[PDB]
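Structural features, examined
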Protein chains: 6
Amino acid sequence: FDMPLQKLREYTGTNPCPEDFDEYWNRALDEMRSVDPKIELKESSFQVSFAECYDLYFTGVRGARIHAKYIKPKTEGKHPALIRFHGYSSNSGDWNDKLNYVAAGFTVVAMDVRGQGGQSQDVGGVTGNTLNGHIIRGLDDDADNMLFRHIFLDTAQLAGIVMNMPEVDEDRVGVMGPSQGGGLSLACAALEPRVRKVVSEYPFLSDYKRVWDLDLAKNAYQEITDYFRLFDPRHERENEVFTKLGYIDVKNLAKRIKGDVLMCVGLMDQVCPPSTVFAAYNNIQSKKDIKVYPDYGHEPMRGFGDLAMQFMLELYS
Amino acid sequence: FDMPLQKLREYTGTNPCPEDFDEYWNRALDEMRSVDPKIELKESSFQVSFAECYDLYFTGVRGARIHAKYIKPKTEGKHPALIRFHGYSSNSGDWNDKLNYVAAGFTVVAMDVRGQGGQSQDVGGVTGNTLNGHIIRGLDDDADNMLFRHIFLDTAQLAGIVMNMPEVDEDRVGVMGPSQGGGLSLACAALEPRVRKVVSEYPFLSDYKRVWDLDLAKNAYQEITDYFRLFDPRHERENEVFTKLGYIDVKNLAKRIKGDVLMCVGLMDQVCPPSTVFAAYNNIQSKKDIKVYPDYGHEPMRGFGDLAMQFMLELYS
Amino acid sequence: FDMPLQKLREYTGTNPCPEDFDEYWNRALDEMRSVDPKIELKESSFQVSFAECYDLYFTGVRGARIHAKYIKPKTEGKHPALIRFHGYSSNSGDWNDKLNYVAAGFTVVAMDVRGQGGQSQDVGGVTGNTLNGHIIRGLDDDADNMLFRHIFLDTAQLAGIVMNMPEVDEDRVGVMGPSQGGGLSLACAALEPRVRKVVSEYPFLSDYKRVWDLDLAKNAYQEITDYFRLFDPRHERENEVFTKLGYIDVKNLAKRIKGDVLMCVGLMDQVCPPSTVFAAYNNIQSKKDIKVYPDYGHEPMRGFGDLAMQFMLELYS
Amino acid sequence: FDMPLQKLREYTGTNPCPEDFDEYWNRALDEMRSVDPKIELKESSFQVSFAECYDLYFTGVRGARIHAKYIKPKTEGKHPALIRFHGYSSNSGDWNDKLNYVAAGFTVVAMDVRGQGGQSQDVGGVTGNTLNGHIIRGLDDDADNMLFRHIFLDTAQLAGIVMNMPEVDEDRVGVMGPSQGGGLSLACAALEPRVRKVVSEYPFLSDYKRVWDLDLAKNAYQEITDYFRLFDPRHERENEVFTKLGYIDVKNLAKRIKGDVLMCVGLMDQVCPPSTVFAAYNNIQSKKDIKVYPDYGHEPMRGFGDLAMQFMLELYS
Amino acid sequence: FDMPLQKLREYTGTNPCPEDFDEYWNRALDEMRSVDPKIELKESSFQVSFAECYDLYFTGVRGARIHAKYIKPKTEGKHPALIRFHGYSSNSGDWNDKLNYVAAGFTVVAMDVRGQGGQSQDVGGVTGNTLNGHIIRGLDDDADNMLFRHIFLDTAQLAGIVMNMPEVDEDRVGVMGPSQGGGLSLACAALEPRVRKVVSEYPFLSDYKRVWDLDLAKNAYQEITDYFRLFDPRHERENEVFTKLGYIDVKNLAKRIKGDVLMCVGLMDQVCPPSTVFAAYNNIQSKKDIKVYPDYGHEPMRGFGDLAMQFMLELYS
Amino acid sequence: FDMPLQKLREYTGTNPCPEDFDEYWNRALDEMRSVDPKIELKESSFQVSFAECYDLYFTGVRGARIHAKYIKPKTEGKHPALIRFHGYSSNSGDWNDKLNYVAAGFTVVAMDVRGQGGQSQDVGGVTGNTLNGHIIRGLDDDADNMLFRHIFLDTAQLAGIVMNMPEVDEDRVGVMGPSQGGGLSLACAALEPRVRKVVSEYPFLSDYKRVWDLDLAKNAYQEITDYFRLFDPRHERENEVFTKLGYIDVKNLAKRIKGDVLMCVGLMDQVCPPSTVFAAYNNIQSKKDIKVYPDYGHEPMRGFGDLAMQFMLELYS
Ligand SMILES: [Ca+2]
Ligand SMILES: [Ca+2]
Ligand SMILES: [Ca+2]
Ligand SMILES: [Ca+2]
């Protein structure tokens, strides 16, 4: 259902990239940097004796109150930190499974995406469809009002907040996540170049046009099809639509990443077509590597979790 | 998958009704009535020689700009009017198929629901999930900020606007729609008692708890399941959740309807369980009737469209 | 699952055309023209004040009694007429939705196909399979006894009957229909060259061999696969079978069409493959046009209905 | 999806039986007995040294030419005979697998059903639907014109023809078949009481109303649902329809069977619900027995074939 | 698809329990206790600085070499230990996600089931089917040769080995697992009463007969259906089959558990019917609790992971 | 989903062939030939008067007790014999349907494959997975311990046993089977060159790598995918795995076949891809022929059974 591996290795993407892409994002970062986070920490009901578990809240662009789990090991001195991002429609998950990295002495943070399955706020205020999908949310509004634009900014802002924590060495921060979380990991490391390590598992939010070309604009990408069916049935605004989506196409932000990257891709993945994953991978200029799993689809790949941790452990000296 | 027809005719609903239901709605109607609609009519690109086609815009509660197709026949004197409501995620549709009632001398209006498939605006500004579903949109916010509360008010406000049109006899306005449109038809006739005729085809938005009890909280009702899975996995707040959804349960509004009602239900419809449809039907106190289609599911039922027009044509003496 | 749009534009078909195709149809036309229609009109139970609704019955070839809905506006003088054809296994449908064109002053006729979901008779009398499918009905009999041959003749015969109606301007007649109805519309305009306008939506009954070549001989075209599995499992008579089906392949009749044609096609339509639709379209020699819907399948395409009406309204001076 | 075995044992049926059922069938038998079979035997291209293989053709009611495979062992004297009936839409099948009974010295005959997958003719000539299904074929016509009525007569007529074969002992004839073939076997033994043995495997064509009551009027019984959806959507003629189908309900003919009967039923069979099978079984008044297969559906049941042969071998002294 | 919660609470099971159940297991334990484990530890390629990761191998009954991951924290003194068991056809998984409990100072062990997805050996040597399923593996052989009998013994033996580790406090050992792993957790805590804590998530291997009664002997329990279809199609040995399966029905071993138990059940779980889960739960006599997730099926339930860890942390003083 | 018939006829396979293929098999044949079969014949409970039905047991390699149905006609002198092999997970089936060849004077033998649906024993004793699949059974053990290696030897040993039966003409033995039975037929005729006739219907166990390349390593070939997913997720040992599977790839054994071969293939068969079937066919050097069924999948093909018997009947002069 996608090109052979031989060609994936060379594929660099299909979705257009706005001509003012750089200006667009420099502007976005300016807005993010002018925000007063007014950070608040609340002790979680979940408690362990070897670490402090806090519910962290900060204000992002447009006044949205963002939430993230925050686990701090009870150890002296500064150390590495890991920021996890979750899948589409999910949330930061349970506290306990974040402790595997705390065991390694890491501070661990897991952010909730605005308006999805967690406790992060989506202030809305956009024109157009609001029933299904965040990718097309704000698509018929001004480009600067696209929801994933704010979400991407939240990850960048959170990375800076984490880097300012007293127990965190700002030069030893890594980000990780699967699918949407993998796309957000790339976006975060792109918008906050200080991020040192990046683990992106079968990333979502990449090379939109390609997904549509493969007749795969379904499942997680169904909203792109819904959009055209309802607002441009004969595709009279196709190029403008995909160009605008180019603003939130991680394959376009990929060139900004400075940290080391480790990715994985399942060749049976029809949710996030292998070609869209390689497009993001092939736009990365920093040190990188990608693990290929021929028989896996959009799912955790056996053994990769271990490769990812060993990769993250590289944050220590 | 549901109770026998024998029991259906006796079923009055399961979903709870808030203690302050009436005051909640009188309070909502007060808000709607205090809004300056600033009505604007723009000529449509679709034009015929026997009628006037206009895109109508008005401001609803919370400042949302609402859109509706508006077709006026080129005849003299006042006459009946029909207000159509559409299915979940859809829109007012095409202009041409609305002309069947125009041929009958009716003014035809088809409203687009906020943030769905048309041109009506959803101003948002709610806390909680915004990724999928309007039923749960605002569920974790104040009850007065629930999206379908505003949408229901839009239907009532539009009915009032239509009743003030120069060519419309305010005492001869009918409403109609399938699924979501069927629930909206009931809500509209309930909130604007002046509505004279009502056609509700396999109505959606009714008896939420019942849908869940039958393990049918999927398909169109999937979001109710996602809500619990993400925000209350062990149903510790079950009664509170369904009670709040009770505010937008059209079965609870039904008692207010004064116009004549004609409904249809498919006994194979698992999207809108027959019991939930009968629950709404059985709460109506005005003159009513329901057509039963044993072998039909969530779909147009052969012959009903004709029964619906003959029913609407009763508006003429 | 089909060639790219770029290639579809140049695709002219795969299914063969019998060497005696022309003589076959001229002989077929002679047979129908010799039939005494014995037309009878019966007032319908469905009635409105602005039009006359009649159930029309006429005798077609082989003594079959054919039925069609007939709506005549209560206006003065001659005017255009629209003849609608329905989907496979369906019928003429409801009376009310045909009134959109009556609003435009058109006489509207909707024919029921022999032995399908309506009230038209299939006298049968053929050898071979009679359990499933009209495409293969009479395939093992003489070619002059193939059921769709008679059905095509019914459309041409009905077109002439309509052109002889007192209120109908014989030079202002249009035909329209989706899927099977789209194929019948083409066949009608081909067998009755006086037809002025043609709207063919995702036409069925075209380029049979191509459907099979694409492994799409299922769904609506399943009977073709059943025929071979049961009567020619090793395809020893493949060319003979498809050539014979060529007699009722609308892409072969398309060359005879003189009226203007407006078609629509969904690129995700696997029921009527895009290539088979373009094959019919590319064989049309009269003024034509085709609307392409990239994200639509075998279903009504948003906005096309309005395009079709504006197209039909061109029949008025 | 059906009642427990405990209840199945006592279930006698739901579908009605016409008050003139008996006269209907006696009149039907008189018609077939007046037909001149004009039997013709043609040597088959398939030949073996130990038997004679012929394609047998005889004329049935309404002038239909019926076909059946006919294998005669090259032995001396009279012996038993087995008549096989096939599944819905299938045919008599291959010659070789019929030889298992020829090995036992049986003459084997396998009839093709009119207009299905074989070489038997369906003269048609009925009013109503002819697109899908033989159960509803002729349902809107006179009851004496229902297709399965003629097919049942074909089995009885064939049974008599076989009983008149020189090498066949008329008192040692057995009939067998699965699904449709199981229903035909029952009908045959009912209309031709001389039939000595009967093997009916998960019989189709039984207790129609029950199939519909269970919401299983799909798959093989789909046409019943199609009939109502198209010709009686609100079931205003429900009792009339099912009572008429009672003429061809094998559970109503079962009382006439005189030969011993061996049946089998799969409790997971949703195509032919267990209750409809037991309904036919429980109406049999002759020596009978039924093998129950808890984990089998609409399919051959392991070991039953051997039970069936040992049962048929009882025809030998 | 299963009884209401009200009745689940009281349901105690349906599958029989052999009369010599106790003798059978006392005998099995004797065989296990006579085995020389000949334990061998091999450093894993996966290494972290805060713990020792070893591949542990021991010999179980019948000479099978069993494998389990073994992670020991680099801390002084004795402490609690957790033994994880995996799902059907899976294995011990990755090393990294086991570190969440190591962070809590626990020694963590994850055993691979014989012949499944890991490195544990199944010496086989049984008669009967060996193609699919371990539940019926050895079912046609002597009861003492049933594979899950050995597997259960492996868990008990491993628990004793863990309790003998120098860094492990033998009175602070817990076991946990989902589905098959949940069934194995119950079996382990039953056969090694010293186990102090038990977390069983939607347990598999319980109340076999019940699964079959609900027509749910499919998916994970498909082999039970396969067995009957192939070896006892008419269920002539039904009681003997299910009674024999009673030897490895965890609901029967449940009464032996002494440690505290925490379980979870998804009411939408058709893989492990809620009733079979409550049957095991209701046979437990030690301190216990069960978390119900109405909208979850056979899958991890949000929040439970955290309840499970807090429950396990109860092992410390 | 596969290459065009034009290319199929030229395709010779993709799966590698071990360098020591021949010695591996000569070594295997040596082992089989050194086994004392200790043949035992037990009269079956199924008995007919024209043939002798016996359950035959013999010891194969590794001490496994193998079972086969054995039917001998009550005729004088030596005659042909037919050995049938069954489908994956199935068994020899019923006795009665084997009598068609008995009627032709043949002795008919139907072998049960070790550990599948019949009475043949799989002694096991292998390391690695034992939960699902015989193709990978023993794959992680020495190549000489692979299960299908022993099964292949069982077919060869049984052929030799049959050729020594007093009523059997050793030069007139044919083998036949579908799917797995088709692969076993080829393996048998390859390992026991004396086999005179071969019928292989849509053979399984051929060209493994090709199945994987087409993403068809599912359904019957699912275990190959499970193997990689669990034991080599990144395919680091891909060539080694497929090369080893090459030992039991019937396409590699095909070159040894001396008897005449007749095969059939369905072009819609995704279970046993057409290419893999043609790969085996194209490696045969003896007289051969293949029947192509374009519209058939993994299923019996109409008419082939008769071609198969006529082909086998060629054994008589
Ligand atoms: Ca480092
Ligand atoms: Ca004009
Ligand atoms: Ca006897
Ligand atoms: Ca404690």
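Residues numbered from 1 in each chain as written, not as in the entry; some residues may be left out. Chains lettered and ligands numbered in written order. Heavy atoms only, no water.

- X-ray crystallography is the method the PDB entry lists for this structure, together with a resolution of 2.10 Å.

**Focus on the overall build of chain A**
- Along its length, chain A carries 11 helices and 9 strands.
- The C-alpha atoms of chain A give 19 Å as radius of gyration, which agrees with the globular expectation for 317 residues (20 Å, within 12%).
- Across its three principal directions, the C-alpha atoms of chain A cover 60 × 45 × 30 Å.
- Counting the 317 residues in chain A, one finds 67% classified as buried.
- Once local pairs closer than 6 in sequence are excluded, the contacts in chain A between residues at least 24 apart make up 74%.
- Carbon and sulfur atoms make up 44% of the accessible area of chain A, which amounts to about 10300 Å² in all.
- For chain A, the centre of its 36 positive side-chain charges and the centre of its 46 negative side-chain charges are spaced 2 Å apart. (Helix = DSSP H or I, 4+ residues; strand = E, 2+ residues; numbered from the N terminus. Rg over C-alpha atoms; globule rule 2.2 N^0.38 Å. Buried < 20%, exposed > 50% of the residue type's maximum accessible area, 1.4 Å probe, protein only. Contact = heavy atoms within 4.5 Å. Areas by Shrake-Rupley, 256 points an atom, 1.4 Å probe, with all protein chains shown as cover. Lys, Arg positive; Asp, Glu negative; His and termini not counted. Charge placed at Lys NZ, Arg CZ, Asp CG, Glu CD.)

**Re the sheet that holds strand β7 (residues 197-201) of chain D**
Residues and elements named next belong to chain D.
- The 9 strands are arranged β1-β2-β3-β5-β4-β6-β7-β8-β9 in an open sheet whose pairing can be described as mixed. Only two strands of the sheet have a single neighbouring strand rather than two, namely β1 (40-43) and β9 (288-293). Neighbour-to-neighbour, the strand axes of the sheet open up by a mean angle of 20°, direction not taken into account.
- Both strand β4 (residues 79-85) and strand β6 (residues 168-178) contribute to a ladder of 5 bridges, which runs parallel. Directly across from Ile-83, in β6, lies its bridge partner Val-175.
- Its contacts with the sheet place helix α4 (residues 147-163) against β2 (51-59), β3 (65-73), β4, β5 (107-111) and β6, and it is angled at close to 160° to β5. (Pairing = 2+ DSSP bridges. Axes fitted to C-alpha atoms, helices over the stretch in contact; angles between N-to-C directions.)

**Quick notes on the coordination of the calcium ion (ligand 2)**
- Looking at the calcium ion (ligand 2), one finds its protein donor set to be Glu314(C) (O) and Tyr316(C) (O), positioned 2.5 Å from the metal centre.
- We classify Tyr316(C) as partly exposed; its relative accessible area is 33%. (Donors = N, O, S within 2.8 Å, 3.2 Å for Na, K, Ca; no water.)

**Observations concerning the interface of chain A and chain B**
- Tallying the contact residues gives 25 residues for chain A and 25 residues for chain B.
- Carbon and sulfur atoms supply 47% of the area that chain A and chain B bury against each other, a total of about 1700 Å² over both sides.
- Three residues, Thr130(A), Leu131(A) and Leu230(A), lead the burial of chain A against chain B; their summed loss comes to 32% of the area buried on that side.
- Where chain A touches chain B, the interface holds 0 salt bridges.
- Here chain A and chain B share 18 residue pairs in polar contact between them. (Buried area = accessible area lost by both parts, 1.4 Å probe. Salt bridge = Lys/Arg side-chain N within 4 Å of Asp/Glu carboxyl O. Polar contact = N/O pair within 3.5 Å; in protein donor to acceptor, adjacent residues only side chain to side chain.)

**Examining the side chain of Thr276(A)**
Residue and element names in this part refer to chain A.
- Looking at the element boundaries, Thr-276 is found in helix α10 (residues 274-281).
- A relative accessible area of 0% means that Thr-276 is categorised as buried.
- Setting aside residues up to four positions removed in sequence, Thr-276 forms contacts with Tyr-11, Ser-206, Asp-207, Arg-210 and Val-211.

**Overview of the interface of chain F and chain E**
- At the junction of the two partners, chain F supplies 25 residues and chain E supplies 25 residues.
- Of all residues in chain F, the largest losses of buried area upon contact with chain E belong to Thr130(F), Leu131(F) and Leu230(F), amounting jointly to 32% of the total for that side.
- Summed over the shared surface of chain F and chain E, the number is 0 salt bridges.
- On the surface where chain F and chain E come into contact, there are 18 residue pairs in polar contact.
- Split into classes, the residues belonging to the side of chain F that touches chain E amount to 6 nonpolar, 17 polar and 2 charged. (Nonpolar A, V, L, I, M, F, W, Y, C, P; charged D, E, K, R; others polar.)

**What about a negative patch on the surface?**
- A cluster of acidic residues, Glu19(B), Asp20(B), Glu23(B) and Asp30(B), forms a negative patch at the surface.
- The topology assignment puts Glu19(B) in the loop between α1 (5-8) and α2 (21-33). (Patch = residues over 30% accessible without salt bridge, like charges linked within 9 Å, V, L, I, M, F, W, Y side chains within 5 Å.)

**Considering the relation of the copies chain A and chain B**
- Each copy of the sequence occupies a distinct position, and chain A is placed on chain B by a rotation of 180° and an axial shift of 0.0 Å, giving an RMSD of 0.1 Å. Taken together, the turn and the small shift mark the pair as related by a two-fold rotation axis. (Least-squares fit on C-alpha atoms.)

**A short note on the pattern of salt bridges**
Residue and element names in this part refer to chain F.
- A complete count under the given rule lists 136 salt bridges over all chains for this structure.
- With its nearest N and O atoms 2.6 Å apart, the salt bridge here joins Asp-213 to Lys-209. Separated by 4 residues within a single helix, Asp-213 and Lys-209 lie in helix α6 (residues 208-213), roughly one turn from each other.
- When its relative accessible area of 33% is taken as the criterion, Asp-213 is described as partly exposed.
- The class of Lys-209 is buried, set by a relative accessible area of 15%.

**Let's talk about the relation of the copies chain F and chain E**
- In the superposition of chain F on chain E (RMSD 0.1 Å, axial shift 0.0 Å), the rotation amounts to 180°.
- A shared interface surface links the copies, since 100% of the contact residues of chain F are contact residues in chain E too.

**Re the pairing of strand β4 (residues 79-85) of chain A**
Residues and elements named next belong to chain A.
- Across the 7 residues of β4, 6 count as buried, placing the element largely inside the fold.
- Sheet topology note: the β4/strand β5 (residues 107-111) ladder contains 5 bridges and is parallel. Its bridge partner lying in β5, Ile-83 is registered against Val-109.

**Section: the UniProt feature "binding site: substrate" (unreviewed entry) in chain A**
Residues and elements named next belong to chain A.
- Per the UniProt record, "binding site: substrate" (unreviewed entry) is annotated on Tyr-88.
- Positionally, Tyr-88 belongs in the loop between β4 and α3 (99-102).
- Of the polar contacts made by the side chain of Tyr-88, one reaches the backbone nitrogen of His-134; its length is 2.8 Å. (UniProt positions renumbered as here; feature names shortened; annotations may be inferred.)

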